[PDB]
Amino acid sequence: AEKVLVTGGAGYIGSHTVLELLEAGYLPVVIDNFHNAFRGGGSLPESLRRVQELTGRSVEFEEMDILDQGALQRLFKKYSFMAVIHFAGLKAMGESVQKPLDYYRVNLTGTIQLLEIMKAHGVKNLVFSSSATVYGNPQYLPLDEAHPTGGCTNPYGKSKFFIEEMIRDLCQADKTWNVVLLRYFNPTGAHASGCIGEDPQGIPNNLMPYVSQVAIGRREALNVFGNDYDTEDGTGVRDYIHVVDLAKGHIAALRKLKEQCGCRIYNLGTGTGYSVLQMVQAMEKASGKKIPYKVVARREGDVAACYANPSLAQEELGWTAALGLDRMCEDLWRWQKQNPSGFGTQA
């Protein structure tokens, strides 16, 4: 059978997706450069070594940068891929605005190169990791796929938007390409085993890991970025979606490609928004601990509220986000508790 190439497969979403793929009968080939993934004691990234244990299935992996043309070409020559799931890229530690060229090089040129290599090797089926950030500051809610895109605040979001645009044109020009662009909302939670999860390096830039870190006792209090937004409690509102559900949406995307779907774009969210305080409260409930916090200044570029309109995906992808808030918090807690300091090499 033909393989599925997973770029950035050792990361948060990627590792969860590799797990889903293995369970569903697929044969992935994963690549990662360790830019934001922990190396295990062996060749495999720790996250994937664990996915191998969890599934009882082998993970084919190669350490490689998507920017390395020769390595990528050799890879496409060695295997017969039927599709590519592209997670590799830079996300922001609120860094993008300051290092635009890094985002443009890694995300933009990296993806252009991948598309070129794909085309040359006759692989024209892609699943791309997009984001709700491409919608920019919401002009209305909930955010449906028809909401305007572009006009993003930072280089990270613009990079995502430019990539979407490029893929849309590619599909427009060549009807033989099939591409599913998945606009993720705010992924959270972890695999139910508690063995893998989000493994941030240093001080977490995103909410959830910070909250869990407070709950576990690593951090004293959560810093709440502004409480004067035009939301019910004044704190930011987001559509948190269980990483497992998100991962499963990728399998749905592969099925969609098989229908010779052309270019399709789908939001991957729950359709339900929760504020910062609400997430804190849910974490107190999951963890059985009080979670202190302090209100500080707004974070540059933060939007008031963002949540998806998930109907298109339910309809066309035949997918829905099955896990609720308590599940997300309980799963995140299990991962946090079982792995107080994230991933580590085997003892």
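Each residue number is its position in the shown sequence, starting from 1.
Higher mean CA temperature factor, per the PDB entry, when comparing 289-297 with 23-31: 289-297. In this crystal structure, the stretch out of 96-104 and 78-86 whose C-alpha atoms carry the higher mean B factor is 96-104. Ranking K119, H242, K91, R183 by the C-alpha B-factor listed in the PDB entry places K91 at the top. Considering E46, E62, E315, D68 together, the PDB entry gives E315 the largest C-alpha B factor. Among all modelled residues in this chain, the alpha-carbon of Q336 has a temperature factor (C-alpha) in the middle third.
Sorting the modelled residues of the chain by their CA temperature factor places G151 in the highest third. In the PDB entry, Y266 places in the middle third of its chain by CA B-factor. Among the modelled residues of the chain, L222 sits in the highest third by CA temperature factor in this PDB entry. In the deposited entry, the Cα temperature factor of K124 places it in the middle third of its chain's modelled residues.
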